[PDB]
file structure30.pdb (PDB, C-alpha atoms and all ligand atoms)
ATOM      1  CA  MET X   1     -11.691  -4.673 -19.352
ATOM      2  CA  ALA X   2     -14.834  -4.064 -17.256
ATOM      3  CA  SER X   3     -14.883  -3.463 -13.491
ATOM      4  CA  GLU X   4     -16.407  -5.826 -10.955
ATOM      5  CA  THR X   5     -17.871  -4.180  -7.860
ATOM      6  CA  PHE X   6     -17.646  -5.541  -4.298
ATOM      7  CA  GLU X   7     -19.110  -4.442  -0.962
ATOM      8  CA  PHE X   8     -16.875  -3.927   2.066
ATOM      9  CA  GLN X   9     -17.451  -6.005   5.184
ATOM     10  CA  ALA X  10     -19.255  -3.765   7.697
ATOM     11  CA  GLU X  11     -16.246  -3.613  10.083
ATOM     12  CA  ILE X  12     -13.786  -2.551   7.389
ATOM     13  CA  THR X  13     -16.113   0.239   6.292
ATOM     14  CA  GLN X  14     -16.294   1.447   9.897
ATOM     15  CA  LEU X  15     -12.501   1.325  10.199
ATOM     16  CA  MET X  16     -12.032   3.378   7.044
ATOM     17  CA  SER X  17     -14.548   5.893   8.363
ATOM     18  CA  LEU X  18     -12.690   6.246  11.674
ATOM     19  CA  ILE X  19      -9.342   6.700   9.930
ATOM     20  CA  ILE X  20     -10.468   8.961   7.067
ATOM     21  CA  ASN X  21     -12.204  11.244   9.576
ATOM     22  CA  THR X  22      -9.439  11.598  12.146
ATOM     23  CA  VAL X  23      -7.920  14.755  13.641
ATOM     24  CA  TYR X  24      -4.903  12.540  14.407
ATOM     25  CA  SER X  25      -1.569  14.361  14.090
ATOM     26  CA  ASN X  26       1.045  11.659  13.457
ATOM     27  CA  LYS X  27      -0.281  10.845   9.956
ATOM     28  CA  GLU X  28       3.244  10.091   8.650
ATOM     29  CA  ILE X  29       3.102   6.573  10.106
ATOM     30  CA  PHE X  30       1.117   5.497   7.037
ATOM     31  CA  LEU X  31       4.482   5.300   5.215
ATOM     32  CA  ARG X  32       5.991   3.005   7.856
ATOM     33  CA  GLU X  33       3.023   0.671   7.453
ATOM     34  CA  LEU X  34       3.165   0.547   3.668
ATOM     35  CA  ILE X  35       6.927   0.002   3.700
ATOM     36  CA  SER X  36       6.521  -2.770   6.277
ATOM     37  CA  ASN X  37       3.833  -4.355   4.097
ATOM     38  CA  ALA X  38       6.123  -4.035   1.084
ATOM     39  CA  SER X  39       8.947  -5.597   3.077
ATOM     40  CA  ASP X  40       6.666  -8.464   4.103
ATOM     41  CA  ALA X  41       5.649  -9.052   0.462
ATOM     42  CA  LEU X  42       9.356  -9.169  -0.378
ATOM     43  CA  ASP X  43      10.031 -11.620   2.512
ATOM     44  CA  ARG X  44       7.288 -13.886   1.110
ATOM     45  CA  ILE X  45       8.625 -14.183  -2.458
ATOM     46  CA  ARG X  46      12.179 -14.634  -1.192
ATOM     47  CA  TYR X  47      11.201 -17.398   1.238
ATOM     48  CA  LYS X  48       9.098 -19.001  -1.471
ATOM     49  CA  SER X  49      12.087 -18.766  -3.819
ATOM     50  CA  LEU X  50      14.093 -20.988  -1.452
ATOM     51  CA  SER X  51      12.433 -24.100  -2.890
ATOM     52  CA  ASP X  52      11.121 -22.598  -6.107
ATOM     53  CA  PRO X  53      13.917 -20.349  -7.479
ATOM     54  CA  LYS X  54      12.190 -19.726 -10.820
ATOM     55  CA  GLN X  55       9.645 -17.553  -8.996
ATOM     56  CA  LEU X  56      12.151 -14.694  -9.024
ATOM     57  CA  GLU X  57      12.596 -14.633 -12.817
ATOM     58  CA  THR X  58       9.586 -12.358 -13.361
ATOM     59  CA  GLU X  59      11.538  -9.648 -11.509
ATOM     60  CA  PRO X  60      15.008 -10.669 -10.271
ATOM     61  CA  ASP X  61      15.553  -7.438  -8.308
ATOM     62  CA  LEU X  62      14.088  -7.107  -4.809
ATOM     63  CA  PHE X  63      13.274  -3.509  -3.919
ATOM     64  CA  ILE X  64      10.918  -0.935  -2.490
ATOM     65  CA  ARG X  65      10.442   2.158  -4.648
ATOM     66  CA  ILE X  66       8.701   5.400  -3.780
ATOM     67  CA  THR X  67       7.616   7.773  -6.635
ATOM     68  CA  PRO X  68       5.910  11.128  -5.989
ATOM     69  CA  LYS X  69       3.866  12.284  -9.024
ATOM     70  CA  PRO X  70       3.229  15.935  -8.055
ATOM     71  CA  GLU X  71       1.147  16.821 -11.122
ATOM     72  CA  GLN X  72      -1.486  14.192 -10.255
ATOM     73  CA  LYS X  73      -1.140  14.689  -6.473
ATOM     74  CA  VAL X  74      -0.170  11.032  -6.346
ATOM     75  CA  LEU X  75       2.339   9.074  -4.265
ATOM     76  CA  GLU X  76       3.237   5.547  -5.347
ATOM     77  CA  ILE X  77       4.776   2.888  -3.108
ATOM     78  CA  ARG X  78       5.992  -0.135  -5.102
ATOM     79  CA  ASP X  79       7.615  -3.443  -4.217
ATOM     80  CA  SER X  80       8.739  -6.454  -6.238
ATOM     81  CA  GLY X  81       7.344  -8.761  -3.563
ATOM     82  CA  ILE X  82       5.031 -11.734  -4.146
ATOM     83  CA  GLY X  83       2.034  -9.742  -5.405
ATOM     84  CA  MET X  84      -1.642 -10.667  -5.069
ATOM     85  CA  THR X  85      -4.050 -12.543  -7.347
ATOM     86  CA  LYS X  86      -7.519 -11.271  -8.219
ATOM     87  CA  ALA X  87      -8.961 -13.590  -5.570
ATOM     88  CA  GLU X  88      -6.426 -12.467  -2.998
ATOM     89  CA  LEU X  89      -7.294  -8.802  -3.654
ATOM     90  CA  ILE X  90     -10.998  -9.524  -3.272
ATOM     91  CA  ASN X  91     -10.658 -11.811  -0.270
ATOM     92  CA  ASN X  92      -7.979  -9.945   1.676
ATOM     93  CA  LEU X  93      -8.711  -6.275   0.890
ATOM     94  CA  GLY X  94     -12.295  -5.813   1.982
ATOM     95  CA  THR X  95     -14.775  -8.682   1.696
ATOM     96  CA  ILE X  96     -13.568 -10.458   4.823
ATOM     97  CA  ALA X  97     -12.898  -8.446   7.993
ATOM     98  CA  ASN X  98      -9.368  -8.979   9.243
ATOM     99  CA  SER X  99      -8.782 -10.848  12.491
ATOM    100  CA  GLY X 100      -8.032  -7.547  14.238
ATOM    101  CA  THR X 101     -10.432  -4.994  12.770
ATOM    102  CA  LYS X 102     -12.971  -4.660  15.579
ATOM    103  CA  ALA X 103     -10.260  -4.972  18.233
ATOM    104  CA  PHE X 104      -8.172  -2.141  16.772
ATOM    105  CA  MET X 105     -11.260   0.094  16.662
ATOM    106  CA  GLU X 106     -12.054  -0.850  20.266
ATOM    107  CA  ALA X 107      -8.460  -0.058  21.165
ATOM    108  CA  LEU X 108      -8.547   3.254  19.275
ATOM    109  CA  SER X 109     -11.607   4.477  21.124
ATOM    110  CA  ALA X 110      -9.913   3.582  24.411
ATOM    111  CA  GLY X 111      -6.977   5.896  23.744
ATOM    112  CA  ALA X 112      -4.629   3.781  21.651
ATOM    113  CA  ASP X 113      -2.188   5.525  19.263
ATOM    114  CA  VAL X 114      -3.238   5.130  15.654
ATOM    115  CA  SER X 115       0.347   3.980  15.143
ATOM    116  CA  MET X 116      -0.545   0.703  16.887
ATOM    117  CA  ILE X 117      -2.601  -0.132  13.785
ATOM    118  CA  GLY X 118       0.154  -2.414  12.456
ATOM    119  CA  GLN X 119       0.129  -4.592  15.579
ATOM    120  CA  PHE X 120      -3.541  -5.360  14.822
ATOM    121  CA  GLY X 121      -2.805  -6.467  11.265
ATOM    122  CA  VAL X 122      -4.813  -3.729   9.593
ATOM    123  CA  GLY X 123      -2.113  -1.153   8.863
ATOM    124  CA  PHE X 124      -2.927  -1.090   5.146
ATOM    125  CA  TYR X 125      -5.897   1.069   6.012
ATOM    126  CA  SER X 126      -3.637   3.731   7.533
ATOM    127  CA  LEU X 127      -3.159   5.087   3.993
ATOM    128  CA  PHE X 128      -6.504   6.769   4.528
ATOM    129  CA  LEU X 129      -4.825   9.233   6.896
ATOM    130  CA  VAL X 130      -3.278  11.039   3.927
ATOM    131  CA  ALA X 131      -5.268   9.828   0.911
ATOM    132  CA  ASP X 132      -8.945   9.898  -0.009
ATOM    133  CA  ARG X 133      -8.562   7.381  -2.820
ATOM    134  CA  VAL X 134      -6.241   4.488  -3.589
ATOM    135  CA  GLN X 135      -5.474   2.014  -6.334
ATOM    136  CA  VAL X 136      -3.680  -1.218  -5.518
ATOM    137  CA  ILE X 137      -2.101  -2.529  -8.687
ATOM    138  CA  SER X 138      -0.765  -6.024  -8.383
ATOM    139  CA  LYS X 139       0.843  -8.809 -10.381
ATOM    140  CA  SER X 140       1.362 -12.234  -8.854
ATOM    141  CA  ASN X 141       3.237 -14.900 -10.809
ATOM    142  CA  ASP X 142      -0.013 -16.809 -10.491
ATOM    143  CA  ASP X 143      -2.362 -14.293 -12.158
ATOM    144  CA  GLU X 144      -2.824 -11.378 -14.551
ATOM    145  CA  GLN X 145      -2.245  -7.782 -13.413
ATOM    146  CA  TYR X 146      -5.327  -6.362 -11.615
ATOM    147  CA  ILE X 147      -6.426  -3.015 -10.191
ATOM    148  CA  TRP X 148      -8.185  -2.833  -6.843
ATOM    149  CA  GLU X 149      -9.714   0.578  -6.178
ATOM    150  CA  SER X 150     -11.348   2.289  -3.198
ATOM    151  CA  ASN X 151     -12.420   5.774  -2.113
ATOM    152  CA  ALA X 152     -13.194   4.776   1.491
ATOM    153  CA  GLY X 153     -16.759   4.190   0.339
ATOM    154  CA  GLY X 154     -18.650   1.037   1.247
ATOM    155  CA  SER X 155     -17.585  -0.747  -1.933
ATOM    156  CA  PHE X 156     -14.475  -1.404  -4.008
ATOM    157  CA  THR X 157     -13.826  -2.313  -7.648
ATOM    158  CA  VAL X 158     -11.517  -4.891  -9.192
ATOM    159  CA  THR X 159     -10.539  -4.597 -12.832
ATOM    160  CA  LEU X 160      -8.202  -6.481 -15.164
ATOM    161  CA  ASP X 161      -5.310  -4.071 -15.818
ATOM    162  CA  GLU X 162      -4.948  -2.761 -19.362
ATOM    163  CA  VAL X 163      -3.894   0.795 -18.515
ATOM    164  CA  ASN X 164      -0.835   0.765 -16.204
ATOM    165  CA  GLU X 165       2.835  -0.067 -16.750
ATOM    166  CA  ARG X 166       3.528  -3.792 -16.455
ATOM    167  CA  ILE X 167       4.943  -4.726 -13.112
ATOM    168  CA  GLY X 168       6.984  -7.804 -13.694
ATOM    169  CA  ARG X 169       5.891  -8.946 -10.219
ATOM    170  CA  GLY X 170       4.697  -7.162  -7.108
ATOM    171  CA  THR X 171       2.441  -4.353  -6.019
ATOM    172  CA  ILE X 172       1.938  -0.642  -6.475
ATOM    173  CA  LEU X 173       0.049   1.350  -3.923
ATOM    174  CA  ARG X 174      -1.119   4.427  -5.786
ATOM    175  CA  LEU X 175      -2.259   7.034  -3.253
ATOM    176  CA  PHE X 176      -4.321  10.031  -4.335
ATOM    177  CA  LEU X 177      -3.256  12.441  -1.634
ATOM    178  CA  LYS X 178      -5.674  14.802   0.118
ATOM    179  CA  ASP X 179      -5.152  18.513  -0.581
ATOM    180  CA  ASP X 180      -3.773  19.118   2.930
ATOM    181  CA  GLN X 181      -1.245  16.265   2.823
ATOM    182  CA  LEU X 182       0.773  17.173  -0.288
ATOM    183  CA  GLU X 183       3.917  17.467   1.819
ATOM    184  CA  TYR X 184       4.425  13.765   1.157
ATOM    185  CA  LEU X 185       5.266  14.565  -2.464
ATOM    186  CA  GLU X 186       8.427  16.314  -1.204
ATOM    187  CA  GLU X 187      11.796  14.546  -1.344
ATOM    188  CA  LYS X 188      13.069  15.976   1.935
ATOM    189  CA  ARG X 189       9.903  15.087   3.846
ATOM    190  CA  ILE X 190       9.814  11.530   2.450
ATOM    191  CA  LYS X 191      13.471  10.919   3.284
ATOM    192  CA  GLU X 192      12.868  12.124   6.841
ATOM    193  CA  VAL X 193       9.866   9.875   7.465
ATOM    194  CA  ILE X 194      11.783   6.872   6.175
ATOM    195  CA  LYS X 195      14.834   7.476   8.352
ATOM    196  CA  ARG X 196      12.680   7.989  11.458
ATOM    197  CA  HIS X 197      10.360   4.977  11.290
ATOM    198  CA  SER X 198      11.936   2.534   8.838
ATOM    199  CA  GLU X 199      15.590   2.102   9.873
ATOM    200  CA  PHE X 200      15.675  -1.702   9.809
ATOM    201  CA  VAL X 201      14.458  -2.750   6.379
ATOM    202  CA  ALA X 202      16.374  -5.509   4.614
ATOM    203  CA  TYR X 203      15.655  -4.252   1.092
ATOM    204  CA  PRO X 204      16.861  -1.180  -0.735
ATOM    205  CA  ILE X 205      14.426   1.677  -0.515
ATOM    206  CA  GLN X 206      14.516   3.723  -3.734
ATOM    207  CA  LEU X 207      13.230   7.293  -4.133
ATOM    208  CA  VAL X 208      12.379   8.509  -7.663
ATOM    209  CA  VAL X 209      13.121  12.213  -7.981
ATOM    210  CA  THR X 210      12.171  14.291 -10.995
ATOM    211  CA  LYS X 211      14.316  17.367 -11.525
ATOM    212  CA  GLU X 212      14.405  20.008 -14.258
ATOM    213  CA  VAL X 213      17.752  20.297 -16.043
ATOM    214  CA  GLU X 214      19.356  23.744 -15.919
TER
HETATM  215  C1  LIG M 301       1.463 -10.909   7.176
HETATM  216  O1  LIG M 301       0.696 -10.602   6.003
HETATM  217  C2  LIG M 301      -0.016  -9.388   6.234
HETATM  218  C3  LIG M 301      -1.473  -9.394   6.387
HETATM  219  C4  LIG M 301      -2.284 -10.521   5.723
HETATM  220  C5  LIG M 301      -2.199 -10.145   4.236
HETATM  221  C6  LIG M 301      -3.614  -9.990   3.653
HETATM  222  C7  LIG M 301      -1.322 -11.176   3.511
HETATM  223  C8  LIG M 301      -1.593 -11.147   2.001
HETATM  224  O2  LIG M 301      -2.489 -12.217   1.689
HETATM  225  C9  LIG M 301      -2.222 -13.358   2.521
HETATM  226  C10 LIG M 301      -0.269 -11.316   1.226
HETATM  227  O3  LIG M 301       0.328 -12.570   1.562
HETATM  228  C11 LIG M 301       0.702 -10.175   1.600
HETATM  229  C12 LIG M 301       2.105 -10.501   1.060
HETATM  230  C13 LIG M 301       0.256  -8.886   0.901
HETATM  231  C14 LIG M 301       0.479  -7.580   1.520
HETATM  232  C15 LIG M 301       1.159  -7.443   2.894
HETATM  233  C16 LIG M 301       0.036  -6.334   0.762
HETATM  234  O4  LIG M 301       1.156  -5.465   0.755
HETATM  235  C17 LIG M 301       1.976  -5.575  -0.414
HETATM  236  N1  LIG M 301       2.953  -4.511  -0.633
HETATM  237  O5  LIG M 301       1.902  -6.503  -1.178
HETATM  238  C18 LIG M 301      -1.089  -5.656   1.558
HETATM  239  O6  LIG M 301      -1.342  -4.353   1.023
HETATM  240  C19 LIG M 301      -1.416  -4.393  -0.403
HETATM  241  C20 LIG M 301      -2.359  -6.521   1.450
HETATM  242  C21 LIG M 301      -3.297  -6.506   2.583
HETATM  243  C22 LIG M 301      -2.798  -6.033   3.954
HETATM  244  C23 LIG M 301      -3.762  -5.968   5.061
HETATM  245  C24 LIG M 301      -5.268  -6.081   4.772
HETATM  246  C25 LIG M 301      -3.348  -5.162   6.290
HETATM  247  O7  LIG M 301      -4.032  -4.255   6.661
HETATM  248  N2  LIG M 301      -2.129  -5.508   6.996
HETATM  249  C26 LIG M 301      -1.427  -6.765   6.748
HETATM  250  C27 LIG M 301       0.027  -6.763   6.591
HETATM  251  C28 LIG M 301       0.772  -8.081   6.349
HETATM  252  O8  LIG M 301       1.961  -8.102   6.224
HETATM  253  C29 LIG M 301      -2.210  -8.081   6.643
HETATM  254  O9  LIG M 301      -3.407  -8.101   6.756
END
call {"tool": "encode", "arguments": {"input": "structure30.pdb", "output": "structure tokens", "more": "lines below"}}
Ligand SMILES: COC1=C2C[C@H](C)C[C@H](OC)[C@H](O)[C@@H](C)/C=C(\C)[C@H](OC(N)=O)[C@@H](OC)/C=C\C=C(/C)C(=O)NC(=CC1=O)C2=O
result
Amino acid sequence: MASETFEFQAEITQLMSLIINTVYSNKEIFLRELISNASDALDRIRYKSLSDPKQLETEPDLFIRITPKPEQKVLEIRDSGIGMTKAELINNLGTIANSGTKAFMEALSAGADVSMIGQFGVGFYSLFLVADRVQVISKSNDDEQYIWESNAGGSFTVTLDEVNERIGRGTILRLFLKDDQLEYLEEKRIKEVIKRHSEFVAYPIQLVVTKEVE
């Protein structure tokens, strides 16, 4: 329908600024963070399902799926985890500074590896290493499908989703890659990052590859 617009908490805006404007070299850790987040979302729905089995019926398969969309310069990271409601997207992705935002920034300026970002509970924002824009598309059993969108600006939008494929249940991180980071559309490069930083993931990690038939 129509978008609602929200302002980022001052700390989160600062964090995004740091990250988006970094010379940092090890940018590939963004994928470890998103996969770990995906894995956590999958842990949640599975634990929930222990005493509420019906929760799984909206998407019985538990998986992490990565889909490069080279034409649009887009990389998607999807999971069939618990998903997030409209209120969760608003409350947890910007309007309330995470418990570790300022501390991570303090740590960063002291010499800390950007890769520590996950230990501070703000690793979602690492996607800004390789992307200048992001849509978080999410369907929780408890709500309708919604789109959360940010370009690292000081505000984000949340919109009821009438334009994307239905996700049964879970979350798509749709990354609009920067022009210098298009290597992450490549099958070989993706595979390599996964093997190096994400060896111990309990769920299948699927890669969607689009090849011309000869
Ligand atoms: C331990 O929980 C985690 C927290 C608290 C987080 C808001 C919990 C959230 O609400 C309670 C859901 O329960 C949880 C299932 C949803 C995800 C992990 C989403 O990931 C996917 N694929 O669904 C993630 O990204 C879309 C949303 C925000 C992540 C933040 C801002 C971050 O920077 N790091 C974090 C990583 C975490 O694991 C973090 O803060």
call {"tool": "axis_aligned_box", "arguments": {"input": "structure30.pdb", "around": "stretch 27-30 of chain X", "padding_each_side": "6 Å", "output": "lines of an AutoDock Vina configuration file"}}
result
center_x = 1.5
center_y = 8.2
center_z = 8.6
size_x = 15.5
size_y = 17.3
size_z = 15.1
call {"tool": "resolve_selection", "arguments": {"input": "structure30.pdb", "expression": "the PyMOL selection byres (((chain X and resi 48-59) around 7) and not hetatm)", "output": "number ranges by chain"}}
result
X: 44-47, 60-61, 80, 168-169
call {"tool": "residues_near_ligand", "arguments": {"input": "structure30.pdb", "ligand": "ligand LIG 301 (chain M)", "cutoff": "10 Å", "atoms": "all atoms listed in the file", "output": "MDAnalysis selection string"}}
result
chainID X and resid 12 33:45 64 77:85 87:89 91:94 96:101 117:127 135:140 148 170:173
call {"tool": "resolve_selection", "arguments": {"input": "structure30.pdb", "expression": "the PyMOL selection byres (((chain X and resi 198) around 9) and not hetatm)", "output": "ChimeraX atom specification"}}
result
/X:31-32,35-36,193-197,199-201
call {"tool": "residues_around", "arguments": {"input": "structure30.pdb", "residues": "residue X:164", "least_positions_apart": "6", "cutoff": "10 Å", "atoms": "all atoms listed in the file", "output": "ChimeraX atom specification"}}
result
/X:137,145-147
call {"tool": "write_last_selection", "arguments": {"input": "structure30.pdb", "atoms": "C-alpha atoms", "output": "PDB file, in the frame of the given file"}}
result
ATOM      1  CA  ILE X 137      -2.101  -2.529  -8.687  1.00  0.00           C
ATOM      2  CA  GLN X 145      -2.245  -7.782 -13.413  1.00  0.00           C
ATOM      3  CA  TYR X 146      -5.327  -6.362 -11.615  1.00  0.00           C
ATOM      4  CA  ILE X 147      -6.426  -3.015 -10.191  1.00  0.00           C
TER       5      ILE X 147
END
call {"tool": "closest_residue", "arguments": {"input": "structure30.pdb", "among": "X:108, X:130, X:207, X:213", "to": "residue X:69", "atoms": "all atoms listed in the file"}}
result
X:207
call {"tool": "atom_distance", "arguments": {"input": "structure30.pdb", "atom1": "atom CA of residue X:28", "atom2": "atom CA of residue X:104"}}
result
18.6 Å
call {"tool": "closest_residue", "arguments": {"input": "structure30.pdb", "among": "X:156, X:24, X:184, X:6", "to": "residue X:75", "atoms": "only C-alpha atoms"}}
result
X:184
call {"tool": "resolve_selection", "arguments": {"input": "structure30.pdb", "expression": "the PyMOL selection byres (((chain X and resi 68) around 10) and not hetatm)", "output": "JSON, numbers by chain"}}
result
{"X": [66, 67, 69, 70, 71, 72, 73, 74, 75, 76, 77, 174, 175, 182, 184, 185, 186, 187, 190, 207, 208, 209, 210]}
call {"tool": "residues_around", "arguments": {"input": "structure30.pdb", "residues": "residue X:21", "least_positions_apart": "6", "cutoff": "10 Å", "atoms": "only C-alpha atoms", "output": "MDAnalysis selection string"}}
result
chainID X and resid 15 128:129
call {"tool": "atom_distance", "arguments": {"input": "structure30.pdb", "atom1": "atom CA of residue X:131", "atom2": "atom CA of residue X:178"}}
result
5.1 Å
